[PDB]
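Undergrad: The file below is start14.pdb, PDB, C-alpha atoms:
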ATOM      1  CA  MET A   1      -0.188   1.553  22.549  1.00  0.00           C
ATOM      2  CA  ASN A   2       1.947   2.312  19.500  1.00  0.00           C
ATOM      3  CA  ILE A   3       3.160   0.417  16.387  1.00  0.00           C
ATOM      4  CA  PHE A   4       6.210  -1.088  17.973  1.00  0.00           C
ATOM      5  CA  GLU A   5       4.138  -2.508  20.634  1.00  0.00           C
ATOM      6  CA  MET A   6       1.632  -3.658  18.224  1.00  0.00           C
ATOM      7  CA  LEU A   7       4.260  -5.447  16.162  1.00  0.00           C
ATOM      8  CA  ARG A   8       6.129  -6.930  19.140  1.00  0.00           C
ATOM      9  CA  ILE A   9       2.858  -8.510  19.675  1.00  0.00           C
ATOM     10  CA  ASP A  10       2.279  -9.348  15.924  1.00  0.00           C
ATOM     11  CA  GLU A  11       5.711 -10.417  14.912  1.00  0.00           C
ATOM     12  CA  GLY A  12       7.472 -10.635  18.156  1.00  0.00           C
ATOM     13  CA  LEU A  13      10.781  -9.337  19.124  1.00  0.00           C
ATOM     14  CA  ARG A  14      13.560 -11.920  18.758  1.00  0.00           C
ATOM     15  CA  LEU A  15      16.808 -10.636  20.240  1.00  0.00           C
ATOM     16  CA  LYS A  16      19.027 -12.924  18.382  1.00  0.00           C
ATOM     17  CA  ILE A  17      19.856 -13.579  14.780  1.00  0.00           C
ATOM     18  CA  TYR A  18      17.354 -15.946  13.456  1.00  0.00           C
ATOM     19  CA  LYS A  19      16.195 -17.367  10.143  1.00  0.00           C
ATOM     20  CA  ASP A  20      12.900 -16.726   8.475  1.00  0.00           C
ATOM     21  CA  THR A  21      10.137 -18.632   6.614  1.00  0.00           C
ATOM     22  CA  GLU A  22      12.311 -17.933   3.674  1.00  0.00           C
ATOM     23  CA  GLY A  23      15.432 -18.909   5.639  1.00  0.00           C
ATOM     24  CA  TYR A  24      17.088 -15.452   5.500  1.00  0.00           C
ATOM     25  CA  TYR A  25      18.961 -14.159   8.648  1.00  0.00           C
ATOM     26  CA  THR A  26      16.779 -11.904  10.647  1.00  0.00           C
ATOM     27  CA  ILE A  27      16.701 -10.003  13.871  1.00  0.00           C
ATOM     28  CA  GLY A  28      14.276  -8.176  16.228  1.00  0.00           C
ATOM     29  CA  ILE A  29      10.995  -7.537  14.533  1.00  0.00           C
ATOM     30  CA  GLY A  30      11.734  -8.743  11.122  1.00  0.00           C
ATOM     31  CA  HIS A  31      14.960  -6.957  10.475  1.00  0.00           C
ATOM     32  CA  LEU A  32      16.492  -8.730   7.465  1.00  0.00           C
ATOM     33  CA  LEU A  33      20.109  -8.782   7.945  1.00  0.00           C
ATOM     34  CA  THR A  34      21.001 -10.404   4.645  1.00  0.00           C
ATOM     35  CA  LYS A  35      20.097 -12.741   1.988  1.00  0.00           C
ATOM     36  CA  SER A  36      23.445 -14.488   1.752  1.00  0.00           C
ATOM     37  CA  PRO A  37      23.399 -17.904   3.262  1.00  0.00           C
ATOM     38  CA  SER A  38      25.899 -16.894   5.756  1.00  0.00           C
ATOM     39  CA  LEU A  39      25.977 -16.478   9.569  1.00  0.00           C
ATOM     40  CA  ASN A  40      29.163 -14.534   9.813  1.00  0.00           C
ATOM     41  CA  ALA A  41      27.760 -12.362   7.140  1.00  0.00           C
ATOM     42  CA  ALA A  42      24.676 -11.854   9.233  1.00  0.00           C
ATOM     43  CA  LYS A  43      26.643 -11.255  12.258  1.00  0.00           C
ATOM     44  CA  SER A  44      28.471  -8.565  10.479  1.00  0.00           C
ATOM     45  CA  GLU A  45      25.676  -6.598   8.952  1.00  0.00           C
ATOM     46  CA  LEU A  46      24.458  -6.832  12.440  1.00  0.00           C
ATOM     47  CA  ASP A  47      27.507  -5.167  13.851  1.00  0.00           C
ATOM     48  CA  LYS A  48      27.494  -2.476  11.206  1.00  0.00           C
ATOM     49  CA  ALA A  49      23.804  -2.385  11.885  1.00  0.00           C
ATOM     50  CA  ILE A  50      23.582  -0.941  15.251  1.00  0.00           C
ATOM     51  CA  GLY A  51      27.370  -0.751  15.644  1.00  0.00           C
ATOM     52  CA  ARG A  52      29.176  -2.891  18.173  1.00  0.00           C
ATOM     53  CA  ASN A  53      30.324  -6.354  19.209  1.00  0.00           C
ATOM     54  CA  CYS A  54      26.801  -7.713  19.634  1.00  0.00           C
ATOM     55  CA  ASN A  55      27.965 -11.189  18.589  1.00  0.00           C
ATOM     56  CA  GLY A  56      24.591 -12.423  17.315  1.00  0.00           C
ATOM     57  CA  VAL A  57      22.460 -10.554  19.842  1.00  0.00           C
ATOM     58  CA  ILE A  58      20.965  -7.158  20.579  1.00  0.00           C
ATOM     59  CA  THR A  59      19.199  -5.123  23.249  1.00  0.00           C
ATOM     60  CA  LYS A  60      15.463  -4.714  23.497  1.00  0.00           C
ATOM     61  CA  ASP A  61      16.173  -1.044  22.712  1.00  0.00           C
ATOM     62  CA  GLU A  62      18.640  -1.573  19.877  1.00  0.00           C
ATOM     63  CA  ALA A  63      16.100  -3.843  18.261  1.00  0.00           C
ATOM     64  CA  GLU A  64      13.676  -1.046  18.977  1.00  0.00           C
ATOM     65  CA  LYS A  65      15.881   1.322  16.940  1.00  0.00           C
ATOM     66  CA  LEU A  66      16.131  -0.856  13.791  1.00  0.00           C
ATOM     67  CA  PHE A  67      12.376  -1.304  13.876  1.00  0.00           C
ATOM     68  CA  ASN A  68      12.117   2.421  13.634  1.00  0.00           C
ATOM     69  CA  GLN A  69      14.414   2.486  10.633  1.00  0.00           C
ATOM     70  CA  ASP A  70      12.192  -0.260   9.268  1.00  0.00           C
ATOM     71  CA  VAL A  71       8.855   1.418   9.976  1.00  0.00           C
ATOM     72  CA  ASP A  72      10.184   4.505   8.196  1.00  0.00           C
ATOM     73  CA  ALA A  73      11.398   2.513   5.230  1.00  0.00           C
ATOM     74  CA  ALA A  74       7.897   1.089   4.943  1.00  0.00           C
ATOM     75  CA  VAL A  75       5.962   4.347   5.131  1.00  0.00           C
ATOM     76  CA  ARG A  76       8.374   5.690   2.624  1.00  0.00           C
ATOM     77  CA  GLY A  77       7.423   2.967   0.196  1.00  0.00           C
ATOM     78  CA  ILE A  78       3.829   3.494   1.226  1.00  0.00           C
ATOM     79  CA  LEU A  79       3.892   7.153   0.162  1.00  0.00           C
ATOM     80  CA  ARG A  80       5.874   6.024  -2.856  1.00  0.00           C
ATOM     81  CA  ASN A  81       2.890   4.023  -3.895  1.00  0.00           C
ATOM     82  CA  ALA A  82       0.118   5.161  -6.174  1.00  0.00           C
ATOM     83  CA  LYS A  83      -2.538   2.867  -4.830  1.00  0.00           C
ATOM     84  CA  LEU A  84      -1.761   3.061  -1.228  1.00  0.00           C
ATOM     85  CA  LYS A  85      -0.923   6.803  -0.664  1.00  0.00           C
ATOM     86  CA  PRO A  86      -4.416   8.205  -1.008  1.00  0.00           C
ATOM     87  CA  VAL A  87      -5.656   5.622   1.438  1.00  0.00           C
ATOM     88  CA  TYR A  88      -3.104   6.410   4.066  1.00  0.00           C
ATOM     89  CA  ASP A  89      -3.349  10.203   3.938  1.00  0.00           C
ATOM     90  CA  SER A  90      -7.050   9.680   4.554  1.00  0.00           C
ATOM     91  CA  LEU A  91      -6.458   7.215   7.352  1.00  0.00           C
ATOM     92  CA  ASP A  92      -6.029   7.864  10.949  1.00  0.00           C
ATOM     93  CA  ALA A  93      -2.869   7.324  12.891  1.00  0.00           C
ATOM     94  CA  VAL A  94      -4.113   4.139  14.433  1.00  0.00           C
ATOM     95  CA  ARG A  95      -5.684   2.783  11.282  1.00  0.00           C
ATOM     96  CA  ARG A  96      -2.394   3.878   9.794  1.00  0.00           C
ATOM     97  CA  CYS A  97      -0.656   1.661  12.212  1.00  0.00           C
ATOM     98  CA  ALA A  98      -2.949  -0.940  10.830  1.00  0.00           C
ATOM     99  CA  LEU A  99      -1.899  -0.328   7.233  1.00  0.00           C
ATOM    100  CA  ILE A 100       1.768  -0.523   8.273  1.00  0.00           C
ATOM    101  CA  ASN A 101       1.297  -3.994   9.863  1.00  0.00           C
ATOM    102  CA  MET A 102      -0.143  -5.382   6.671  1.00  0.00           C
ATOM    103  CA  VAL A 103       2.541  -3.651   4.653  1.00  0.00           C
ATOM    104  CA  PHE A 104       4.908  -4.980   7.124  1.00  0.00           C
ATOM    105  CA  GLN A 105       3.488  -8.444   6.621  1.00  0.00           C
ATOM    106  CA  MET A 106       2.884  -8.672   2.888  1.00  0.00           C
ATOM    107  CA  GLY A 107       4.638  -5.763   1.125  1.00  0.00           C
ATOM    108  CA  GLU A 108       3.009  -2.840  -0.755  1.00  0.00           C
ATOM    109  CA  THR A 109       2.219  -4.994  -3.731  1.00  0.00           C
ATOM    110  CA  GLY A 110       0.319  -7.254  -1.485  1.00  0.00           C
ATOM    111  CA  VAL A 111      -1.602  -4.676   0.406  1.00  0.00           C
ATOM    112  CA  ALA A 112      -1.830  -2.801  -2.844  1.00  0.00           C
ATOM    113  CA  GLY A 113      -3.701  -5.853  -3.855  1.00  0.00           C
ATOM    114  CA  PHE A 114      -6.738  -5.460  -1.503  1.00  0.00           C
ATOM    115  CA  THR A 115      -8.604  -3.295  -3.981  1.00  0.00           C
ATOM    116  CA  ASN A 116     -12.261  -2.793  -3.108  1.00  0.00           C
ATOM    117  CA  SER A 117     -11.014  -3.155   0.381  1.00  0.00           C
ATOM    118  CA  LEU A 118      -8.813  -0.135   0.266  1.00  0.00           C
ATOM    119  CA  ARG A 119     -11.590   1.807  -1.484  1.00  0.00           C
ATOM    120  CA  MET A 120     -13.859   1.295   1.541  1.00  0.00           C
ATOM    121  CA  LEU A 121     -11.080   2.182   3.967  1.00  0.00           C
ATOM    122  CA  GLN A 122     -10.988   5.402   1.912  1.00  0.00           C
ATOM    123  CA  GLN A 123     -14.703   6.048   2.074  1.00  0.00           C
ATOM    124  CA  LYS A 124     -14.300   5.394   5.857  1.00  0.00           C
ATOM    125  CA  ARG A 125     -16.662   2.413   5.643  1.00  0.00           C
ATOM    126  CA  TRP A 126     -15.314   0.623   8.826  1.00  0.00           C
ATOM    127  CA  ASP A 127     -17.673  -2.215   8.631  1.00  0.00           C
ATOM    128  CA  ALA A 128     -17.803  -2.710   4.887  1.00  0.00           C
ATOM    129  CA  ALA A 129     -14.106  -3.254   4.623  1.00  0.00           C
ATOM    130  CA  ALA A 130     -13.690  -5.186   7.828  1.00  0.00           C
ATOM    131  CA  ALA A 131     -15.729  -8.017   6.551  1.00  0.00           C
ATOM    132  CA  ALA A 132     -14.123  -7.743   3.160  1.00  0.00           C
ATOM    133  CA  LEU A 133     -10.769  -8.190   4.723  1.00  0.00           C
ATOM    134  CA  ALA A 134     -12.107 -11.188   6.692  1.00  0.00           C
ATOM    135  CA  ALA A 135     -12.851 -12.582   3.335  1.00  0.00           C
ATOM    136  CA  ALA A 136      -9.312 -12.997   2.039  1.00  0.00           C
ATOM    137  CA  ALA A 137      -6.828 -15.802   2.398  1.00  0.00           C
ATOM    138  CA  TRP A 138      -4.598 -13.663   4.653  1.00  0.00           C
ATOM    139  CA  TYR A 139      -7.238 -14.284   7.183  1.00  0.00           C
ATOM    140  CA  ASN A 140      -7.251 -18.006   6.912  1.00  0.00           C
ATOM    141  CA  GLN A 141      -3.423 -18.108   6.836  1.00  0.00           C
ATOM    142  CA  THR A 142      -2.959 -15.884   9.833  1.00  0.00           C
ATOM    143  CA  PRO A 143      -6.215 -15.943  11.706  1.00  0.00           C
ATOM    144  CA  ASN A 144      -5.393 -14.023  14.789  1.00  0.00           C
ATOM    145  CA  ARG A 145      -3.185 -11.104  13.769  1.00  0.00           C
ATOM    146  CA  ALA A 146      -5.502 -10.784  10.863  1.00  0.00           C
ATOM    147  CA  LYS A 147      -8.411 -10.810  13.327  1.00  0.00           C
ATOM    148  CA  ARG A 148      -6.752  -8.094  15.182  1.00  0.00           C
ATOM    149  CA  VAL A 149      -5.712  -5.925  12.304  1.00  0.00           C
ATOM    150  CA  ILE A 150      -9.226  -6.039  11.100  1.00  0.00           C
ATOM    151  CA  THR A 151     -10.738  -5.043  14.426  1.00  0.00           C
ATOM    152  CA  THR A 152      -8.319  -2.035  14.426  1.00  0.00           C
ATOM    153  CA  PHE A 153      -9.597  -0.967  11.113  1.00  0.00           C
ATOM    154  CA  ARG A 154     -13.084  -1.649  12.350  1.00  0.00           C
ATOM    155  CA  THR A 155     -13.035   0.456  15.501  1.00  0.00           C
ATOM    156  CA  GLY A 156      -9.811   2.309  15.192  1.00  0.00           C
ATOM    157  CA  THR A 157      -8.699   1.643  18.787  1.00  0.00           C
ATOM    158  CA  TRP A 158      -6.029  -0.523  20.299  1.00  0.00           C
ATOM    159  CA  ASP A 159      -8.666  -2.397  22.255  1.00  0.00           C
ATOM    160  CA  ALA A 160      -7.902  -5.417  20.277  1.00  0.00           C
ATOM    161  CA  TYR A 161      -4.241  -5.329  21.381  1.00  0.00           C
ATOM    162  CA  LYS A 162      -5.217  -4.715  25.066  1.00  0.00           C
ATOM    163  CA  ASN A 163      -4.086  -1.698  27.289  1.00  0.00           C
ATOM    164  CA  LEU A 164      -2.668  -1.084  30.791  1.00  0.00           C
TER     165      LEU A 164
END
Using structure tokens, write down the structure that the file contains.
TA:
Amino acid sequence: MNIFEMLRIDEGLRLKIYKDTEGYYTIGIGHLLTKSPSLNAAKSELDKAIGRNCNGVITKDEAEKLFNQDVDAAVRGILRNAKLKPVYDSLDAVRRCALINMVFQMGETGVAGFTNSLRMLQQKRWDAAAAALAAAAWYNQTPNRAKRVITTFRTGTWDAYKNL
């Protein structure tokens, strides 16, 4: 396991331009092509995106590439964040993967929200926080993924996502 894998599973890879919960054009694992209500516009950021005649579709790999760009973008913000930073430097690769997922899923601000939660992640209190995360709405709204992200903070192993 790795983050891409973990997100393919948590957000799924869509290989064709699709709309979101917000109705914005998206591709792969949440890559926002654009906020303009316009297909051809999507289809073009798309082409400038990876660069070629994809015509509303991409490769598993290509998608894979964007994701990377994305993941980076995220971490960047993450460092760029007062509240989060300290927590992530302290974390561990896998639990970092965990923090990305959330960040992926609810933006810094959001994650930045989970106060006492983050504290415990900091003091490496893997139980303390697990339950505390099970306590929020995020859990009720997205039971599973949230069940999983929490187990990955809990144990700090991909067990929850599976294996070979």
Undergrad: Evaluate the PyMOL selection byres ((chain A and resi 85) around 12) and record the selected residues as number ranges by chain, following the chain and residue labels used in the document.
TA: A: 74-84, 86-91, 96, 99-100, 108, 111-112, 118-119, 122
Undergrad: What is the distance, in Å and to one decimal place, between atom CA of residue A:54 and atom CA of residue A:14?
TA: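 Computing it gives 13.9 Å between the two atoms.
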Undergrad: Can you translate the PyMOL selection byres ((chain A and resi 3) around 10) into the concrete residues it hits in this file, as a JSON list (two decimals) with C-alpha atoms, in the coordinates of the input?
TA:
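The resulting file, out_19.json, is reproduced below:
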[["chain", "number", "residue", "atom", "x", "y", "z"],
["A", 1, "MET", "CA", -0.19, 1.55, 22.55],
["A", 2, "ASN", "CA", 1.95, 2.31, 19.50],
["A", 4, "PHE", "CA", 6.21, -1.09, 17.97],
["A", 5, "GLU", "CA", 4.14, -2.51, 20.63],
["A", 6, "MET", "CA", 1.63, -3.66, 18.22],
["A", 7, "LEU", "CA", 4.26, -5.45, 16.16],
["A", 8, "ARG", "CA", 6.13, -6.93, 19.14],
["A", 9, "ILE", "CA", 2.86, -8.51, 19.68],
["A", 10, "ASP", "CA", 2.28, -9.35, 15.92],
["A", 67, "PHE", "CA", 12.38, -1.30, 13.88],
["A", 68, "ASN", "CA", 12.12, 2.42, 13.63],
["A", 71, "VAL", "CA", 8.86, 1.42, 9.98],
["A", 93, "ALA", "CA", -2.87, 7.32, 12.89],
["A", 94, "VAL", "CA", -4.11, 4.14, 14.43],
["A", 96, "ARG", "CA", -2.39, 3.88, 9.79],
["A", 97, "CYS", "CA", -0.66, 1.66, 12.21],
["A", 98, "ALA", "CA", -2.95, -0.94, 10.83],
["A", 100, "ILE", "CA", 1.77, -0.52, 8.27],
["A", 101, "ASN", "CA", 1.30, -3.99, 9.86]]
Undergrad: Need to verify the contact set: residue A:22, 10 Å, all atoms listed in the file, exclusion of same-chain residues closer than 3 positions in sequence. Can you return it as a PDB file with C-alpha atoms, in the frame of the given file?
TA:
ATOM      1  CA  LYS A  19      16.195 -17.367  10.143  1.00  0.00           C
ATOM      2  CA  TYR A  25      18.961 -14.159   8.648  1.00  0.00           C
ATOM      3  CA  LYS A  35      20.097 -12.741   1.988  1.00  0.00           C
TER       4      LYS A  35
END
Undergrad: Nearest residue to residue A:142 out of A:164, A:42, A:102, A:29, using only C-alpha atoms?
TA: A:102
Undergrad: Could you model N, CA and C atoms for stretch 11-36 of chain A and present them as a JSON list (two decimals), in the coordinates of the input?
TA:
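File written: rebuild.json
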[["chain", "number", "residue", "atom", "x", "y", "z"],
["A", 11, "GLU", "N", 4.62, -9.79, 15.61],
["A", 11, "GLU", "CA", 5.71, -10.42, 14.91],
["A", 11, "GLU", "C", 6.77, -10.81, 15.90],
["A", 12, "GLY", "N", 6.57, -10.33, 17.12],
["A", 12, "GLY", "CA", 7.47, -10.64, 18.16],
["A", 12, "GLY", "C", 8.89, -10.21, 17.86],
["A", 13, "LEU", "N", 9.44, -9.76, 18.96],
["A", 13, "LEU", "CA", 10.78, -9.34, 19.12],
["A", 13, "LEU", "C", 11.58, -10.58, 19.50],
["A", 14, "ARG", "N", 12.58, -10.86, 18.66],
["A", 14, "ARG", "CA", 13.56, -11.92, 18.76],
["A", 14, "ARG", "C", 14.85, -11.18, 18.99],
["A", 15, "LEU", "N", 15.59, -11.43, 20.07],
["A", 15, "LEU", "CA", 16.81, -10.64, 20.24],
["A", 15, "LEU", "C", 18.05, -11.29, 19.75],
["A", 16, "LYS", "N", 17.88, -12.25, 18.89],
["A", 16, "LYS", "CA", 19.03, -12.92, 18.38],
["A", 16, "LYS", "C", 18.75, -13.40, 16.99],
["A", 17, "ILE", "N", 19.81, -13.23, 16.18],
["A", 17, "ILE", "CA", 19.86, -13.58, 14.78],
["A", 17, "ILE", "C", 19.07, -14.87, 14.58],
["A", 18, "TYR", "N", 18.11, -14.78, 13.69],
["A", 18, "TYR", "CA", 17.35, -15.95, 13.46],
["A", 18, "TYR", "C", 16.98, -15.98, 12.00],
["A", 19, "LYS", "N", 16.56, -17.17, 11.54],
["A", 19, "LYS", "CA", 16.20, -17.37, 10.14],
["A", 19, "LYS", "C", 14.70, -17.25, 9.97],
["A", 20, "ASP", "N", 14.29, -16.90, 8.77],
["A", 20, "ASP", "CA", 12.90, -16.73, 8.48],
["A", 20, "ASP", "C", 12.28, -17.84, 7.65],
["A", 21, "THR", "N", 10.97, -17.70, 7.38],
["A", 21, "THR", "CA", 10.14, -18.63, 6.61],
["A", 21, "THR", "C", 10.73, -18.87, 5.28],
["A", 22, "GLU", "N", 11.60, -17.95, 4.94],
["A", 22, "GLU", "CA", 12.31, -17.93, 3.67],
["A", 22, "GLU", "C", 13.75, -18.38, 3.85],
["A", 23, "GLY", "N", 14.11, -18.53, 5.13],
["A", 23, "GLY", "CA", 15.43, -18.91, 5.64],
["A", 23, "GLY", "C", 16.55, -17.87, 5.61],
["A", 24, "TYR", "N", 16.18, -16.59, 5.42],
["A", 24, "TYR", "CA", 17.09, -15.45, 5.50],
["A", 24, "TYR", "C", 17.31, -14.99, 6.96],
["A", 25, "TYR", "N", 18.56, -14.65, 7.33],
["A", 25, "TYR", "CA", 18.96, -14.16, 8.65],
["A", 25, "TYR", "C", 18.20, -12.94, 9.05],
["A", 26, "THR", "N", 17.58, -13.00, 10.21],
["A", 26, "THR", "CA", 16.78, -11.90, 10.65],
["A", 26, "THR", "C", 16.99, -11.61, 12.11],
["A", 27, "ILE", "N", 16.57, -10.42, 12.50],
["A", 27, "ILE", "CA", 16.70, -10.00, 13.87],
["A", 27, "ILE", "C", 15.61, -8.99, 14.24],
["A", 28, "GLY", "N", 15.29, -9.00, 15.56],
["A", 28, "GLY", "CA", 14.28, -8.18, 16.23],
["A", 28, "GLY", "C", 12.83, -8.40, 15.75],
["A", 29, "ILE", "N", 12.32, -7.41, 15.04],
["A", 29, "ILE", "CA", 11.00, -7.54, 14.53],
["A", 29, "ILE", "C", 11.09, -7.51, 13.07],
["A", 30, "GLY", "N", 11.59, -8.61, 12.55],
["A", 30, "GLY", "CA", 11.73, -8.74, 11.12],
["A", 30, "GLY", "C", 12.87, -7.96, 10.52],
["A", 31, "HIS", "N", 13.95, -7.67, 11.22],
["A", 31, "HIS", "CA", 14.96, -6.96, 10.48],
["A", 31, "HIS", "C", 15.78, -7.96, 9.75],
["A", 32, "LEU", "N", 15.76, -7.84, 8.39],
["A", 32, "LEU", "CA", 16.49, -8.73, 7.46],
["A", 32, "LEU", "C", 17.94, -8.41, 7.47],
["A", 33, "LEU", "N", 18.76, -9.23, 8.02],
["A", 33, "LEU", "CA", 20.11, -8.78, 7.94],
["A", 33, "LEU", "C", 20.70, -8.99, 6.58],
["A", 34, "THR", "N", 20.43, -10.14, 5.96],
["A", 34, "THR", "CA", 21.00, -10.40, 4.64],
["A", 34, "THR", "C", 20.47, -11.62, 3.98],
["A", 35, "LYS", "N", 20.53, -11.58, 2.68],
["A", 35, "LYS", "CA", 20.10, -12.74, 1.99],
["A", 35, "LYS", "C", 21.20, -13.74, 1.68],
["A", 36, "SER", "N", 22.44, -13.49, 2.09],
["A", 36, "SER", "CA", 23.44, -14.49, 1.75],
["A", 36, "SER", "C", 23.39, -15.61, 2.76]]
